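Residue numbers (the deposited numbering), protein chains in the order written: chain B, 6 to 199; chain A, 3 to 199. We put the CB at the ideal spot given by N, CA and C, even for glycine. Have a look at the structure below before the remarks.
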């Protein structure tokens, strides 16, 4: 890709695995059936973009900016989101994930207010110190994922499974849960559920 | 029913005796059984019961000041409104001293008492007060606890399996290792300011 600006393009069935894309801005673009496994997006910008049915496993994104970016049906294992470029002026729902595999990702300390991570497989991802207020985890599988000093106020876990949230180290005021899974919040107190 | 004239009874069965309103003072009963006896509003003053069973008795509103119960089982008994706090409780701290099965325990006063390992199984326990009681390892299986108060009550390892209508604030009692069953255990989540569905 020898241009630094793309607008309104669809990139289809491209194998860019292991490649470096540097300082490219994409607006109103869509990527589908693309392979970005182990790619590096270095100082790129994505605005109003969508990835659908792409492999972004272990992608590196140093100083890359995502604003209004949707991911659907993507493999996104082991992504370190902490090294992306994030704005200091907070805006809710900047990222959106639906039916993605987020296993082993790092969201440490990030502002994720209003972010959708719906019907995702989210094993062993780390949300320590993240702000997930109003986040939407509906129908997601959170097995092994870490919530520690995570703001979860008003977040939704409706129909979610395998979430471990220690109420002694996390704020869940007004968050939404579904039985019987909600009973797992009781695990912090060491009660024995039958 | 004829006045008890002795101060000790061992190996004895008392059957179908109406002792309602009777005052009994320093009678020691050991390995006795009481079956279909009415003790409504009797006073058991500084008596002792060791290895006794009460079956199908009415002990409603009985007074038990300085009376001792050790290895006493109550089955199918009406026992409303009893103030257990004025009974004599041993220095020896042993679990399982009392057992209640299919009893009506409404309005009982249990506050601040040592009740470790006590069984209150398949009981109606409406409006009783357990504030500050030590109920470590107690068994409330299948009991109806409607309106009973648990407040700074030690419930460590206690069982509420299949119990109904318990109000237990998980931040205001000790509940480590206590056992609960869904769907009822959902009531425990009322301690949290969350939206359930």
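- Task: Please determine, among B:165, B:41, B:93 and B:83, the residue with the shortest C-alpha to C-alpha distance to residue 122 of chain B.
- Result: B:165
- Please confirm whether residue 31 of chain A and residue 19 of chain A have their CB atoms less than 9 Å apart. Result no, Cβ atoms of residue 31 of chain A and residue 19 of chain A do not sit closer than 9 Å.
- Message: Strictly below 8 Å CB to CB, what residues from chain A border residue 4 of chain B?
- Response: In the structure as shown, chain B begins at 6 and stops at 199. Residue 4 of chain B is therefore absent and cannot be evaluated.
- Query: Alpha carbon to alpha carbon, what distance is there between residue 157 of chain A and residue 59 of chain A?
  - Reply: 29 Å
- Straight-line gap, residue 196 of chain A to residue 129 of chain A (C-alpha atoms, nearest Å): 27 Å
- Query: Is the Cβ-Cβ distance between residue 171 of chain B and residue 192 of chain B less than 9 Å?
  - Reply: yes
- Query: So which residues on chain A does residue 185 of chain B lean against when the C-beta distance must stay under 7 Å?
  - Reply: Within chain A, the residues 184 have their CB atoms less than 7 Å from the CB of residue 185 of chain B, given in chain order.
- According to DSSP, is residue 151 of chain B helix, strand or coil? strand
- Query: Roughly how many angstroms lie between the CA atoms of residue 187 of chain A and residue 132 of chain B, to the nearest whole one?
  - Reply: Annotation: residue 187 of chain A to residue 132 of chain B spans about 28 Å, alpha carbon to alpha carbon.
- Between which two residues does the beta strand (DSSP E) containing residue 25 of chain A stretch? 25-27
- Query: Just the Cα atoms here: how many angstroms apart are residue 13 of chain B and residue 178 of chain A?
  - Reply: 58 Å
- Message: Using 8 Å for Cβ pairs, my map puts residue 9 of chain B next to residue 28 of chain B. What's the rounded Cβ distance?
- Response: About 6 Å; that satisfies the 8 Å criterion.
- Message: Is the beta carbon of residue 82 of chain A closer than 9 Å to that of residue 108 of chain A?
- Response: Cβ atoms of residue 108 of chain A and residue 82 of chain A: closer than 9 Å.
- Message: Could you check whether residue 56 of chain B and residue 5 of chain B sit closer than 9 Å to each other, using their CB atoms as the reference points?
- Response: An answer regarding residue 5 of chain B cannot be provided, because it is not within the stretch 6 to 199 covered by chain B.
- Task: Flag residue 66 of chain A as yes if its beta-carbon sits less than 9 Å from any beta-carbon of chain B, otherwise no.
- Result: no
- Indicate whether at least one CB of chain A lies closer than 9 Å to the CB of residue 29 of chain B. No, its Cβ sits nowhere closer than 9 Å to a Cβ of chain A.
- Query: Would you say the region 138-158 of chain A touches the region 136-155 of chain B, given that touching needs at least three Cβ pairs under 8 Å?
  - Reply: no
- Taking residue 189 of chain B as part of the beta strand (DSSP E), name the residues at either end of that continuous run. Careful: residue 189 of chain B lies outside any beta strand (DSSP E) and carries neither H nor E.
- Item | Where the region 150-170 of chain B meets chain C: residues whose CB sits under 8 Å from a CB there | Although the question refers to chain C, the structure presented lacks it and instead comprises the protein chains B and A.
- State buried or exposed for residue 143 of chain A, treating a residue as buried only when at least 16 other CB atoms are found within 10 Å of its CB. buried
- Message: Measuring alpha carbon to alpha carbon, tell me which residue in B:54, B:75, B:98 and B:49 is nearest residue 89 of chain B.
- Response: Checking every option, the nearest Cα to that of residue 89 of chain B belongs to B:49.
- Is residue 35 of chain A helix, strand or coil by DSSP? Strand.
- Tell me, please, which residues DSSP counts as bridged to residue 116 of chain B. B:136
- Query: What residue from B:80, B:68, B:101 and B:79 has the CA that sits closest to residue 92 of chain B's CA?
  - Reply: The shortest Cα separation from residue 92 of chain B among B:80, B:68, B:101 and B:79 belongs to B:68.
- beta strand (DSSP E) segments (min. 3 residues) lying fully within the region 55-83 of chain A: If we require 3 residues or more, the beta strand (DSSP E) runs fully inside the region 55-83 of chain A come out as 70-77.
- Do residue 62 of chain A and residue 43 of chain A have their C-beta atoms within less than 9 Å of each other? yes
- In the DSSP assignment, what residue or residues form a beta bridge with residue 52 of chain A? A:32 and A:72
- Message: Could you check whether residue 100 of chain A and residue 120 of chain A sit closer than 9 Å to each other, using their CB atoms as the reference points?
- Response: yes
- To the nearest angstrom, report how far apart residue 135 of chain A and residue 173 of chain A are at their CA atoms. C-alpha of residue 135 of chain A to C-alpha of residue 173 of chain A: approximately 16 Å in a straight line.
- Item | Contact set between residue 147 of chain B and chain A, taken where Cβ atoms lie within less than 9 Å | None at all; the shortest Cβ gap to chain A is about 16 Å.
- Going along the chain, which residues of its own chain have a beta-carbon closer than 6 Å to the beta-carbon of residue 66 of chain A, five neighbours each way excluded? 46 and 89
- For the putative contact between residue 185 of chain B and residue 198 of chain A, defined by C-beta atoms under 8 Å, what is the C-beta separation to the nearest angstrom? Rounded, the Cβ-Cβ distance is 11 Å, inconsistent with contact.
- Grab the span of the beta strand (DSSP E) containing residue 101 of chain B for me, first residue to last. Unbroken beta strand (DSSP E) run through residue 101 of chain B: 100-103.
- Would you identify the three-state DSSP class for residue 88 of chain A, choosing helix, strand or coil? helix
- Message: Could you give the first and the last residue of the continuous beta strand (DSSP E) run that contains residue 45 of chain A?
- Response: 45-47
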